[PDB]
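*Asks:*
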Amino acid sequence: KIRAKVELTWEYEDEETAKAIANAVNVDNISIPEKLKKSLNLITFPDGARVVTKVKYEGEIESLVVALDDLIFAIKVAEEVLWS
Amino acid sequence: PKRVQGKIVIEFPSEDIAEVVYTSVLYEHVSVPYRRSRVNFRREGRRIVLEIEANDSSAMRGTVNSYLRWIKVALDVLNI
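Order-wise, the sequence lines are chains B and A.
Numbered per the deposited numbering, the first sequence spans residues 2 to 85.
Numbered per the deposited numbering, the second sequence spans residues 3 to 82.
(1) Since residue 1/B contacts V26/B with CB under 8 Å, what's their CB separation in whole angstroms?
(2) If contact is defined by three or more beta carbon pairs under 8 Å, each pair taking one atom from either stretch, is the region 7–26 of chain A in contact with the region 6–25 of chain B?
(3) Which residues in chain B have a C-beta closer than 8 Å to the C-beta of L70/A? List them in chain order.
(4) Going by DSSP, what residue range makes up the beta strand (DSSP E) through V51/A?
(5) With a threshold of 16 other CB atoms inside 10 Å of the CB of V32/A, please say whether the residue is buried or exposed.
(6) Is any beta-carbon of chain A found at less than 7 Å from that of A5/B?
(7) What's the call for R37/A, buried or exposed, on a 16-neighbour Cβ count within 10 Å?
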């Protein structure tokens with residue numbers, strides 16, 4: 002159906018929080034399933050104090066909607082654990 | 003969670019689908035009284051350009067969810 006170039010950036014205080022989150026999301030995160038991970042180009046990584054996320058999609062928006070919904074949720078649970 | 007900038011670009015199969023989806027998502031954006039966090043979006047031909055600037059992750063997830071799911075509904079009905 003559609004082509005979708007998505008870019009998300011998350012500002013933080015220090016360089017170690019941006020990393021704590023990007024590691025938390027890239028490694029052993031379960032909010033996004035493996036099938037969606039293996040679907041299209043999802044890239045989460047720190048950039049100093051921001052945690053840049055970039056996706057390049059092609060398909061039906063159903064899988065796109067879910068992938069982002071799952072990823073922002075994955076960053077959310079990541080900030081929630083960090084700041085506890 | 004400082005600031006949450008997000009840019010979504012969606013290229014649709016036709017110039018008409020991009021209009022229909024824009025026109026249907028516009029009417030929502032133009033309403034949406036609760037203002038979670040700023041989201042200026044425009045139609046650039048066959049493509050739709052979304053540019054959210056949110057305050058937290060809940061605000062981002064919420065905005066992205068709504069706007070893309072509105073697109074989803076618009077696309078769903080559009081192909082029935």
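Even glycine gets a Cβ: it sits at the ideal position worked out from N, Cα and C.
*Replies:* The answer reads as follows:
(1) Nothing in the structure corresponds to residue 1/B, since chain B is present only between 2 and 85.
(2) yes
(3) Those within 8 Å of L70/A in chain B are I62, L65, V66, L69.
(4) 49–56
(5) exposed
(6) By this cut-off, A5/B is an interface position.
(7) The residue is exposed, with fewer than 16 neighbouring Cβ atoms inside 10 Å.
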